[PDB]
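The data below hold one chain only, encoded as structure tokens and taken in the form deposited in one PDB entry.
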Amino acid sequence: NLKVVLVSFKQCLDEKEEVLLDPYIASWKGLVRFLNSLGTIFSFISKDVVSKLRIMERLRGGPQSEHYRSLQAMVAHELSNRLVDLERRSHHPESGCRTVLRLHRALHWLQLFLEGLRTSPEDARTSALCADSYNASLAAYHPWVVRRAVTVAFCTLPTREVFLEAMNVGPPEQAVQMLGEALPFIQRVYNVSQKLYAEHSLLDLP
């Protein structure tokens, strides 16, 4: 179920507005399952996400586990212990900070795409909704060859009508309602993460 995956972002926050890593990885694994379902054309995207989730699971499961309970703890820990490459990637190519940043940026894209689906004409193409949202967000961080591969993948997507109907939550009007319910949770996780990275000047980690 896609609704279950999207609303599971609700579990990432707590009363202290910590962004909890376990639930964050869980939600992303849900998104990976979606990506795998879409087929081999999207496999390069799934593989990159999985690669990053594995980095995070190794950090969260290892000797330093406690420091990775939340994004807030991870930032304080990696900064205190000099585990983040601020300018170019040298001895710390795969810090939790730089790794989560890539997933974070993709969450903004996901937000934009879900809003596009929600507000789109009945006769829209999902390729265009993806392209518009991508060119408006993630595209800025990807080199031309990656932007081309992404664009190619996008063009294989079906009409909006088909894409919504495939979510199996009723008529598009109801799938639109469902997206409206998940979005606030994703937006809030994004906003809290964005402020955390911004306040530590980490928005442009290499």
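Only the largest set of C-alpha atoms that superpose within 1.5 Å between the two forms is called the rigid core. Residues carry their position along the shown sequence, with the first being 1.
Visitor: Higher mean Cα B-factor in the deposited model: 35 to 43 or 55 to 63?
Guide: The entry gives the higher C-alpha B-factor average to 35 to 43.
Visitor: 145 to 153 versus 65 to 73: which one carries the higher mean Cα B factor per the record?
Guide: Mean CA B-factor is higher for 145 to 153.
Visitor: Check the PDB entry and point out which of 49, 26, 175, 162 has the largest C-alpha temperature factor.
Guide: Answer, based on the entry's C-alpha B-factors: 175.
Visitor: Lowest, middle or highest third: which one holds residue 108 when the chain's residues are ordered by CA B-factor from the entry?
Guide: Middle third by C-alpha B-factor.
Visitor: Split the chain's modelled residues into thirds by Cα B-factor; is residue 19 in the lowest, middle or highest one?
Guide: Residue 19: CA B-factor falls in the lowest third of its chain.
Visitor: If you rank every modelled residue in this chain by C-alpha B factor, which third holds residue 117: lowest, middle or highest?
Guide: Its C-alpha B-factor, which the entry lists for residue 117, ranks in the middle third among residues of this chain.
Visitor: Quick check on the deposited entry: does the C-alpha B-factor of residue 128 sit in the lowest, middle or highest third of its chain?
Guide: It falls in the top third of the chain.
Visitor: Split into thirds by Cα B-factor across the chain's modelled residues, where does residue 202 land: lowest, middle or highest?
Guide: For residue 202, the deposited C-alpha B-factor lands in the lowest third.
Just so it is clear, the following notes concern the form deposited in another entry, a form of the same protein that is not shown.
Visitor: Once the rigid core is lined up, just say which one of 49, 55, 146, 26 has a C-alpha that travels 2 Å or more between this form and the one not shown.
Guide: So the residue whose C-alpha moves 2 Å or more is 146.
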